[PDB]
């Protein structure tokens, strides 16, 4: 089931289009700084990303319309090492029909959504999901 495309700037004004990431598996995570799960889970993700990045899985944590500073702070606080983008006026969110928050979409290399993950993730789970979508 096809994944709605989008273009947002990450947190250094750098333009990211979802369809550019064809070939790679995409851990598409929707989040806000208020969500207590993302405080638990971002360190897990940064940790698994050390492993999975060069296996061809990519993470795109789409923050849900918060200001640039709020995000940068949260990123620093939780040692983020992975691409975060800003959905400033919340359109991508609506495009994706999201809530709960967080919500993760697992997108395979062809670009279809293989699993919608909602609620809580163990690092253990995060790892499995990253397997579920990696190219090899």
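Numbering follows the first chain given and starts at 1.
Look at the C-alpha B-factors of 55-63 and of 104-112. On average they run higher in 104-112. In this crystal structure, the stretch out of 9-17 and 116-124 whose C-alpha atoms carry the higher mean B factor is 9-17.
Annotation for 33, 91, 29, 47: 91 ranks highest, by Cα B-factor. The PDB entry assigns residue 71 a C-alpha temperature factor belonging to the middle third of its chain's modelled residues. Ranked against the other modelled residues of its chain, the C-alpha B-factor of residue 86 as given in the entry falls in the middle third.
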